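Please read the structure below before turning to the comments.
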Amino acid sequence: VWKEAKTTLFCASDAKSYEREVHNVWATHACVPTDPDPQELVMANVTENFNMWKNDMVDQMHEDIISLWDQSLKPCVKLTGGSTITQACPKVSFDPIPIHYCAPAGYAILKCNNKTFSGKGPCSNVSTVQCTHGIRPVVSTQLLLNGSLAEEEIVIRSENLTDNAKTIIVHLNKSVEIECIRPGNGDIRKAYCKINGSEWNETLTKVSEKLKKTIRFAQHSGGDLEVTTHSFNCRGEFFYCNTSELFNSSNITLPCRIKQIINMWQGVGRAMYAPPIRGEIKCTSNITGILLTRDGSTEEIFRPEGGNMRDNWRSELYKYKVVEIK
């Protein structure tokens with residue numbers, strides 16, 4: 001007998017007590033080494049009701065990473081509301097690392113073995129673990145990076161498809177590489193997003209299938225820049241790649257443009273960071289997940305959305321839930 005209770009979690013990662021990475025410095029300040037000998041137990045004939053949207057593990061990690069950025073990525077001017085603060089703004093290395101989240105002394109986590117889990121509901125094959133797997137803190141909009149591929153057919157997940165206002169998260173059964181560069185030699189704020197087109201006319205051809213009326217794709221309706229485009233951080237620079245060519249009626253490239261005036265995803269307010277450093281700034285990370293929205297005719301319209309950042313973690317913590325072992 002058990003019960004779905006909530007408590008204070010803790011992180012576990014292959015942190016390093018020397019490196020100058022933003023993560024590898026904080027992820028060793030309030031985090032622990034990854035437990036070398038894992039222990040999973042395959043529960044037979046066991047079913048449990050998971051949920052990713054009303055989950056707390058999401059809100060746990062979401063808050064822990066906001067703290068990370070509010071004490072690492074220091075903006076030259078942090079502006080929120082009336083009051084204002086302006087401090088130092090140096091450039092540091094920036095590459096996300098595996099952050100296993102583990103359960104404290106007295107509790108446990110359940111890892112749904114069922115690969116085709118709908119994100120919210122019963123799990124046919126349930127197992128249990130002590131900690132999560134290698135989870136890289138990917139902060140972005142429209143697209144998800146460096147994540148984990150879906151083992152089975154393309155999986156869709158929603159909180160309430162009754163409402164078209166609730167975001168939709170997608171996983172994939174094969175990865176597609178993205179390449180956003182910044183030539184190391186005029187105009188600094190300019191970038192190029194490269195994608196193998198042949199591996200794209202497949203990985204979206206397959207998507208609209210599981211999506212099955214008729215399917216139509218378009219660019220974001222209209223919101224803040226960070227949402228209506230692809231916002232992500234590369235070595236410390238906030239890239240913004242125009243996703244217009246992807247959603248039209250090979251070797252697909254995109255006109256990305258580095259900014260400094262970002263609209264903070266943490267809460268409210270904007271921030272200005274120091275201009276990009278000279279040199280080829282090309283971050284290469286895999287594509288694993290997608291965030292969209294539904295428009296509320298014979299067609300159904302789907303627009304990419306960055307909305308709340310909590311979904312970006314909800315795509316990696318969906319098959320987990322906290323329980324107090326009786």
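In the structure tokens, chains take the letters A, B, ... in the order shown, each chain's residues start at 1, and ligands count up from 1 in the order shown.
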(message) Among stretch 22-149 of chain A, which residues does DSSP mark as strand (DSSP E) when it is run on the backbone? Keep the chain and numbering as in the structure and answer as a PyMOL selection string.
(response) chain A and resi 31-32+41-42+48-51+77-79+84-85+100-102+107-112+120-123+126-129+143-145
(message) If I take atom CA of residue A:317 and atom CA of residue A:196, how far is one from the other in Å, to one decimal?
(response) 29.0 Å
(message) Residues near residue A:294, anyone? I mean within 12 Å using only C-alpha atoms, not counting same-chain ones fewer than 4 positions away, as an NGL selection string.
(response) :A and (158 or 160-169 or 211 or 215-221 or 299-305)
Got a sec: who's within 7 Å of residue A:112, counting only C-alpha atoms, leaving out chain neighbours fewer than 4 positions off, as a PDB file with C-alpha atoms, in the first residue's frame?
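Result file result-v2.pdb:
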ATOM      1  CA  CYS A 123       0.196   2.732 -16.653  1.00  0.00           C
ATOM      2  CA  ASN A 125       3.686  -1.791 -17.009  1.00  0.00           C
ATOM      3  CA  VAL A 126       4.826   0.110 -13.926  1.00  0.00           C
ATOM      4  CA  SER A 127       8.288   0.004 -12.376  1.00  0.00           C
ATOM      5  CA  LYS A 319       6.420   9.155 -16.622  1.00  0.00           C
ATOM      6  CA  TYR A 320       7.248   9.979 -12.998  1.00  0.00           C
TER       7      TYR A 320
END
Using 12 Å as the limit and counting only C-alpha atoms, can you tabulate each residue of stretch 78-147 of chain A that touches stretch 47-50 of chain A, with its shortest atom-to-atom distance in Å and the two atoms involved, as CSV?
residue,atom,partner,partner_atom,distance
A:109,CA,A:50,CA,11.0
A:110,CA,A:50,CA,8.8
A:111,CA,A:50,CA,9.7
A:112,CA,A:50,CA,8.4
A:113,CA,A:47,CA,10.9
A:114,CA,A:47,CA,10.6
A:117,CA,A:50,CA,9.4
A:118,CA,A:50,CA,9.6
A:119,CA,A:50,CA,7.3
A:120,CA,A:50,CA,5.6
A:121,CA,A:49,CA,4.8
A:122,CA,A:49,CA,4.4
A:123,CA,A:47,CA,5.2
A:124,CA,A:47,CA,5.4
A:125,CA,A:47,CA,6.9
A:126,CA,A:47,CA,6.3
A:127,CA,A:47,CA,9.6
A:128,CA,A:48,CA,11.4
Go ahead and dump the residues you just picked, C-alpha atoms, as a PDB file, in the first residue's frame.
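Writing done, so here's selection.pdb:
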ATOM      1  CA  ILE A 109       9.436   7.330  -7.760  1.00  0.00           C
ATOM      2  CA  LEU A 110       7.545   5.327 -10.388  1.00  0.00           C
ATOM      3  CA  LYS A 111       8.915   5.025 -13.924  1.00  0.00           C
ATOM      4  CA  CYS A 112       6.119   3.935 -16.276  1.00  0.00           C
ATOM      5  CA  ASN A 113       7.649   1.259 -18.528  1.00  0.00           C
ATOM      6  CA  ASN A 114       4.805   1.608 -21.024  1.00  0.00           C
ATOM      7  CA  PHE A 117       1.935   6.376 -22.247  1.00  0.00           C
ATOM      8  CA  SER A 118      -0.567   9.161 -22.933  1.00  0.00           C
ATOM      9  CA  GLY A 119       1.058  11.352 -20.282  1.00  0.00           C
ATOM     10  CA  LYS A 120      -1.973  11.303 -18.001  1.00  0.00           C
ATOM     11  CA  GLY A 121      -3.740   8.148 -16.843  1.00  0.00           C
ATOM     12  CA  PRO A 122      -3.150   4.440 -16.084  1.00  0.00           C
ATOM     13  CA  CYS A 123       0.196   2.732 -16.653  1.00  0.00           C
ATOM     14  CA  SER A 124       0.065  -0.901 -17.764  1.00  0.00           C
ATOM     15  CA  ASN A 125       3.686  -1.791 -17.009  1.00  0.00           C
ATOM     16  CA  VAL A 126       4.826   0.110 -13.926  1.00  0.00           C
ATOM     17  CA  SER A 127       8.288   0.004 -12.376  1.00  0.00           C
ATOM     18  CA  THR A 128      10.062   1.941  -9.639  1.00  0.00           C
TER      19      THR A 128
END
(request) Have a look at atom CA of residue A:230 and atom CA of residue A:145 and let me know their distance in Å, one decimal. (result) 11.2 Å
(message) Using only C-alpha atoms, which protein or nucleic acid residues come within 6 Å of stretch 137-140 of chain A? Drop anything in the same chain fewer than 6 positions from it, and give the result as a ChimeraX atom specification.
(response) /A:96,231-232
Using C-alpha atoms, can you export the residues from the last selection as an mmCIF file, in the first residue's frame?
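Output contents, as saved in again-v5.cif:
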data_model
loop_
_atom_site.group_PDB
_atom_site.id
_atom_site.type_symbol
_atom_site.label_atom_id
_atom_site.label_comp_id
_atom_site.auth_asym_id
_atom_site.auth_seq_id
_atom_site.Cartn_x
_atom_site.Cartn_y
_atom_site.Cartn_z
ATOM 1 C CA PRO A 96 23.275 21.712 -20.534
ATOM 2 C CA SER A 231 14.371 31.183 -28.592
ATOM 3 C CA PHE A 232 17.391 29.355 -27.201
#
(request) Find the residues around stretch 206-208 of chain A up to 10 Å (only C-alpha atoms counted), leave out those fewer than 2 positions away in its own chain, and share them as a PyMOL selection string. (result) chain A and resi 153-156+170-173+200-204+210-212+214-217
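From atom CA of residue A:25 back to atom CA of residue A:143, the distance works out to 26.4 Å.
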(message) Could you check the closest approach to residue A:234 for each of A:92, A:41, A:291, A:31 and tell me which residue wins, using only C-alpha atoms?
(response) A:92
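The environment of stretch 275-286 of chain A within 6 Å, counting only C-alpha atoms and disregarding residues fewer than 4 places along the same chain, consists of residues 145, 146, 177, 179, 180, 181, 182, 183, 184 and 234 of chain A.
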May I have a table of the residues of stretch 118-223 of chain A lying at most 7 Å from stretch 253-270 of chain A, giving each one's closest pair of atoms and their distance in Å to one decimal, counting only C-alpha atoms, ordered by chain and ascending residue number, as a tab-separated table?
residue	atom	partner	partner_atom	distance
A:189	CA	A:258	CA	4.7
A:190	CA	A:257	CA	4.4
A:191	CA	A:256	CA	4.5
A:192	CA	A:256	CA	5.4
A:193	CA	A:254	CA	4.7
A:194	CA	A:253	CA	4.6
A:195	CA	A:253	CA	6.3
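Here the question is which of A:237, A:250, A:84, A:242 gets nearest to residue A:197 using only C-alpha atoms, and that residue is A:250.
In terms of minimum interatomic distance to residue A:98, A:11 ranks closest within A:22, A:11, A:52, A:246, counting only C-alpha atoms.
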